[PDB]
Every structure is written in C-alpha cells, then in structure tokens.
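Asker: sequence-free structure coming up:
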C-alpha cells in the first residue's frame, strides 16, 4: 500500500489512433445491432 | 398614363355572407358568378415526427 506514486501513466504513450484501434478491437464483442427496417430515412 | 373608359373599374363591395352579395346583385340587375369559399384543411402536425425511428418523416437537419 502506497500513495506517493501516480498510477495513471498509460496515457503518456497514446498515439492519434488509440481510440479507433480500441474501437476496432471491441468490434468483435458487440451484439448484433437492431435494424430500423430501411437502409436510410431517405429510402 | 393608364387611361380607362368604364366607371366600375375600382368598384369593390364587401358583404358578410354570400347570400347578401347574391341578393344585392340580383336586385341591382347584374349577372353574377359565385365562387365557393376555399378553407385550408385541418392539418396533423407532430413535432416528434421529426425524429422517427423507422418512418420516412425523420428530418436530416434543424
């Protein structure tokens, strides 16, 4: 147990694509999306 | 300038009902043509329809 150290140091090595790379990685875990019945409101 | 020769060019009369206008025209001896009143139909407006989940009425911008 200690309190002199800072543990949130991972964000020091994030690139510009970290968020979208994480989204791509998470794409495999999601449930199928619901469908409105059309391709677009303009269809 | 714009010249005319008929004295009734600017004559416009106002009546509350169509029957009064018809009576006036008949008693004055004028032949008339009557157009029925055109009233806008009652509309069905819904603000929430702008954001439909599946219908075509969902807007693309505000």
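Answerer: Noted; the coordinates are in hand. Numbering: from 1, shown residues only, chains lettered A, B, ... in the order given.

Asker: and chain A, which residues reach chain B?
Answerer: Taking C-beta under 8 Å from any C-beta of the partner chain as the contact definition, chain A meets chain B at A:36-38, A:41-42. Any C-beta I mention is one placed from the backbone N, CA and C, and that applies to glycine too.

Asker: Relative to residue B:9, which of those is nearest.
Answerer: The nearest member of the residues of chain A next to chain B to residue B:9, counting by C-beta to C-beta, is residue A:42 at 52.6 Å.

Asker: How about the contacts made by the closest one?
Answerer: If a contact means C-beta atoms under 8 Å, 6 or more residues apart in numbering or on different chains, then residue A:42 has B:56, B:60 as its contacts.

Asker: if I look at it, how far off is residue B:53?
Answerer: Separation of residue A:42 from residue B:53 (C-beta to C-beta, to the nearest Å) stands at 15 Å.

Asker: repeat for residue B:33
Answerer: Spatial separation of residue B:33 from residue B:53 under the definition C-beta to C-beta is 51 Å.

Asker: now residue A:27
Answerer: 24 Å.

Asker: what about residue B:22, neighbour count?
Answerer: Around residue B:22 there are 13 other residues, counting by other C-beta atoms under 10 Å in any protein chain shown.

Asker: got the contact list for it?
Answerer: Shown here is residue B:22, whose contacts under the criterion C-beta under 8 Å, 6+ apart are B:32, B:34.
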